[PDB]
Amino acid sequence: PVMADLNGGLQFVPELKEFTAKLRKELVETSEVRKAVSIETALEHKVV
Amino acid sequence: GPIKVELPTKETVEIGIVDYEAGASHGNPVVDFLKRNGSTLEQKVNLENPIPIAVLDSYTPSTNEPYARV
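Shown next, in the form of structure tokens:
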């Protein structure tokens, strides 16, 4: 019986769950903060 | 104006200031933002229903000279 490992080295990353959650959280944080700040700036320009 | 933060004793202490200056403008952005994002604190609170006190009758004097002179 043959066992082929096609995991691309992902097994060496420690705490994969936490690492991926951190990556995704940082991405959503960036997106939402940018969107909300742009909306607020647009409203302030339109009112001024 | 001052910005203050509520303390665990429900007391407010100052932690910063608001300041905004502009030339020609069509409105105030600070208050617009605060209205859209904050809540208004009103010191007046209305009773469940008004409580009638009385209906009274009064008369204006025939001459305004005494009040004018006092």
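So the sequence lines, in the order shown, correspond to chains B and A. Just so we're aligned: the first sequence equals residues 921 to 968 in the deposited numbering. Just so we're aligned: the second sequence equals residues 1487 to 1556 in the deposited numbering. Ideal Cβ placement from N, Cα and C applies to all residues, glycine included.
Any chain A beta carbon closer than 8 Å to residue i
{"i": "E964/B", "result": "yes"}
{"i": "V957/B", "result": "no"}
Contact with chain E by residue i, beta-carbon distance below 8 Å
{"i": "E952/B", "result": "You won't find chain E in this structure, because its protein chains are B and A."}
As assigned by DSSP and simplified to three states, the class of residue i
{"i": "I959/B", "result": "helix"}
{"i": "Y1545/A", "result": "coil"}
{"i": "residue 1435/A", "result": "There is simply no residue 1435/A to check, as chain A begins at 1487 and stops at 1556 in what is shown."}
{"i": "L1527/A", "result": "coil"}
{"i": "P1538/A", "result": "coil"}
{"i": "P1515/A", "result": "helix"}
{"i": "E935/B", "result": "coil"}
{"i": "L926/B", "result": "coil"}
{"i": "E1507/A", "result": "coil"}
CB contact check: residue i to chain B, cutoff 8 Å
{"i": "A1540/A", "result": "no"}
{"i": "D1505/A", "result": "no"}
{"i": "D1518/A", "result": "yes"}
Residues bridged to residue i [DSSP beta-bridge criterion]
{"i": "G1502/A", "result": "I1489/A"}
Whole-number beta carbon distance between residue j and residue i, since they are thought to touch under 8 Å
{"i": "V1491/A", "j": "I1501/A", "result": "5 Å"}
{"i": "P1515/A", "j": "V968/B", "result": "5 Å"}
{"i": "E964/B", "j": "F1519/A", "result": "7 Å"}
Within chain B, the residues that residue i reaches when beta carbons sit closer than 9 Å
{"i": "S1511/A", "result": "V967, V968"}
Within chain B, the residues that residue i reaches when beta carbons sit closer than 7 Å
{"i": "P1515/A", "result": "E964, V967, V968"}
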